[PDB]
Amino acid sequence: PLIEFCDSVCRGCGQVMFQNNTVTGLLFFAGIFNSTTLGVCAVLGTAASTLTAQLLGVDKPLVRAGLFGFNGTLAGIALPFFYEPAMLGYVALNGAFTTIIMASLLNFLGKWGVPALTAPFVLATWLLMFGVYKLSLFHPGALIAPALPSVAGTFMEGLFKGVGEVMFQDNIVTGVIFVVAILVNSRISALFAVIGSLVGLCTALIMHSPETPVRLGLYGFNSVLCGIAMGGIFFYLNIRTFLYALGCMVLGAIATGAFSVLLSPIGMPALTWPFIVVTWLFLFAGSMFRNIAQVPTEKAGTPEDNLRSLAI
Amino acid sequence: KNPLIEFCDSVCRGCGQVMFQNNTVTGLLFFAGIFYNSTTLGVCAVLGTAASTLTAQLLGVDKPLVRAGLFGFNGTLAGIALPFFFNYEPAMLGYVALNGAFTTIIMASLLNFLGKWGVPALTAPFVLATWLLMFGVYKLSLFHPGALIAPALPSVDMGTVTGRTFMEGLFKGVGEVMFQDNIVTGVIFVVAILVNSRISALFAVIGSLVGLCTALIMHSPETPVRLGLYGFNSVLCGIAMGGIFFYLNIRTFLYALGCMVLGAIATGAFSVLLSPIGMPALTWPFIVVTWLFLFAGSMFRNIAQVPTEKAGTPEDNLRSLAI
Amino acid sequence: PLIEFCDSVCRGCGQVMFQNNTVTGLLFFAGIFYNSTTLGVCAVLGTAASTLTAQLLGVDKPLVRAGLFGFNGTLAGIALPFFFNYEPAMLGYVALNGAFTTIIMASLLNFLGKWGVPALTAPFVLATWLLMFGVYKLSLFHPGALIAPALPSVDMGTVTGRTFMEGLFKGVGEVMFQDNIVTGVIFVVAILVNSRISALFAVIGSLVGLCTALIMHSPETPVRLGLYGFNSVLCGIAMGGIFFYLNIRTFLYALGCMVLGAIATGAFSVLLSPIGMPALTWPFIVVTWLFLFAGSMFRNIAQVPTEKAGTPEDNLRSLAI
């Protein structure tokens, strides 16, 4: 059981980039392990999420696939980033909430075979983070600030930072390591995750953004998930599939921004929100697309496996 | 019986269904509790409930549903809350009716909707209606709103905790579930819940209480706490996920507790979300965290979801299961 | 193919009022062309993009040729130019908007499909929404004075004959973001071609929206501006024999919905007021889908089978048996 919870926890981390591999997940943790605190709160979150599915009795295939620890980690991290004694507890409370969300979303999105996506991480964190201004147990970082919207008056730092900011990780190194981590399980996923941040970076420049946040990588977080997800994983990789991904990827950044305003008066983070909308938006469309070949979700595997299975 | 007596028998049932209790008596017992605070509010209630009821019958709902009172619950909270959170006018009544009726189409809309996975509608009909019916105020000056509403961007005194903060809050939580800021009714409404079922009355209690303490822990201004506001939703969570929608157990308990705890956080989060628009949160929080837990249940082996279409009192749900 | 893309484009425009007819659609374009060649272009651009896209992703030809894949394609071509200061990148973004609409519609199709609910203008919005929200942080475009961040807060102007006439037509036009009284007329006529019923219901739409606004006590500026007739017009046209077998009970439902349209219009205005963006078609699509999802549970109410739903007349002729 201990080794399984381990093997699960390791898998959930990789699933962050849709990669179901204990190794990639470990390789990912090693990358992020910028802050021992963050790593702890991560393992806490992942552990809670994992341990929870097992207590409510999920299909072992799902837990052991790590599908029940992914959003478990991002709740462990981001409640600390955006620290008190009650920080840990709330992390646990966040991760666990994620689990009910995922189920809730599972059955939900299931009946058309749409994935849950990071949506569990957010809608949780969202709720668990919104009530701060009225629940003074915690006190928030300078990264949060109520304000009505108002108009405003690099490639290397941003590239890596995009991949890291996917984990709220503002480190160039980990970004590299996380990219390498993605390589292990699959070269394809590591590449698509790259084009992700890059397609997000340039798309941001074009739309004319303050070259601060760009290098900060923020406009590469979601893009990186879009590239990794719609990259051979959820759809049989092709040329038309590529342009779709590019398409989505491009879309990712616009939505990132739009989402920043939407929550600007409430001044909270956008979080993974953008990737999960534009994503689910494209997915729900795929089946109607003849030219587009959706990968059967329940069977969807690595871009390579999804290409090897399809071959015959 | 008769149509008049049926509309009566229905109206009485819808009120109890507020706490998921399908009983003409509990519902009456509930009205009696709230009547204490405002004949006006009682009227606007009966108006709302009546409209909601009468509407389902005109669109032809399955009699089982109307007579189960399932078509009057959200009908009442629209009759009440358009009067409270707004300055009574002559058009107040009409709009109440307009609110209740809207609730009905919402419930249907949500019924077919949430139905195909067997999720309940929950108070969601009351809100999304009232929401729409209340949002456009600043631009539809027919009505003029109470001081309880105020546009403002979010921003981070403490007051003092005490015995009174626990007693006033405990009862006020149950009442604030009906937007009722009275300690007495809270008691009466608790008793009302006892009639139909001791279990539901107890869970509704743990509801407000789990909501009260959870609020203190998260560090809230000890004003609103005693005000009970952070007990409204919690009370519904305790009552709903308490043997009603899931076969009551120990694991089921901790789930409820879990949900209940979650209720308050969401209550707060929701307060912000609507703070710039400065409108009330209303039942909104319970209905989200709730539907969030429900949709999860089936995936949970250890968790035994009560078949919605069959879901009855925690006792009946335990007596039926016994076999 | 060129003539089909034409025949499709023409159809998508009529579908705006649920009318599947190349003629009505043309008649509609002619109406609106009157106000701005630019807007007409951005429209055709949008519609063209939306159409061309479904074909490249391979949609069922029945749907494209029914024009159901160009409707929301037009409103994205128009509104990115209106509620924003035209730039060179205006066109591109239009195209980017229309195309986005298509994935939205699919996304929503499969989505709302499994209960047979329509997509409605929801594709136009959720796109435009996203494509318009990030402006304050994506300074490529610069927005019109019609946009302004502000927390909500409670002059009256004066009601009059002109307030009813300017508003009546403006409601139908404002359904296309068209602030012209003429086109409103023409668009009404356009609706007549395909069907008298749809043209009438679209009328009752704006009118039910107009009065319902007065009653709720609104600043008699926006009313004549017609704004509170846009959504109402869609509600009347949609729930008018098209999506439900037209009757008496069906009428009161429509009226019902129609009345609801305006309240929601306003509420939606607040919801987006701090973010100070437009409400757009948003209101019609919520109160609408709210009523539709209810219909089946209504015995007295006879929902028209969506996949079969046609003109109020055809929906009455088919039913006759």
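These residue numbers are counts, starting from 1, taken along the chain as shown.
Structure method, as recorded: X-ray crystallography, 3.9 Å.
Even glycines carry a Cβ here, placed using N, Cα and C.
So that you can see what the record holds, here are the features copied from Swiss-Prot:
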INTRAMEM  B:4-19  intramembrane segment
INTRAMEM  B:24-36  intramembrane segment
INTRAMEM  B:161-178  intramembrane segment
INTRAMEM  B:183-194  intramembrane segment
SITE      B:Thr283  site 'Important for channel permeability'
TRANSMEM  B:40-59  transmembrane segment
TRANSMEM  B:64-86  transmembrane segment
TRANSMEM  B:92-114  transmembrane segment
TRANSMEM  B:119-139  transmembrane segment
TRANSMEM  B:199-218  transmembrane segment
TRANSMEM  B:227-247  transmembrane segment
TRANSMEM  B:253-274  transmembrane segment
TRANSMEM  B:277-297  transmembrane segment
Remote residues contacting the transmembrane segment (B:199-218) - C-beta distance under 8 A, at least 6 residues beyond either end: 19-21, 161, 166, 169-171, 173-174, 177, 190-191, 193, 224-225, 228, 230-239, 242-244, 248, 256-257, 260-261, 263-265, 267-268, 313-315
Flanking Cα pair B:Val156 / B:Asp157, between which 4 residues have no modelled coordinates, distance in Å: 11
For the intramembrane segment (B:161-178), distant same-chain residues with Cβ under 8 A (at least six beyond the ends): 18-19, 30, 34, 77, 80, 184-187, 189-190, 204-205, 207-209, 211-212, 216, 222, 225-236
Same-chain residues near the transmembrane segment (B:92-114), Cβ under 8 Å, at least 6 residues beyond its ends: 44, 47-52, 55-56, 59, 61, 71, 74-76, 78-79, 82-83, 86, 120-121, 124-126, 128-130, 132-133, 142-143, 291
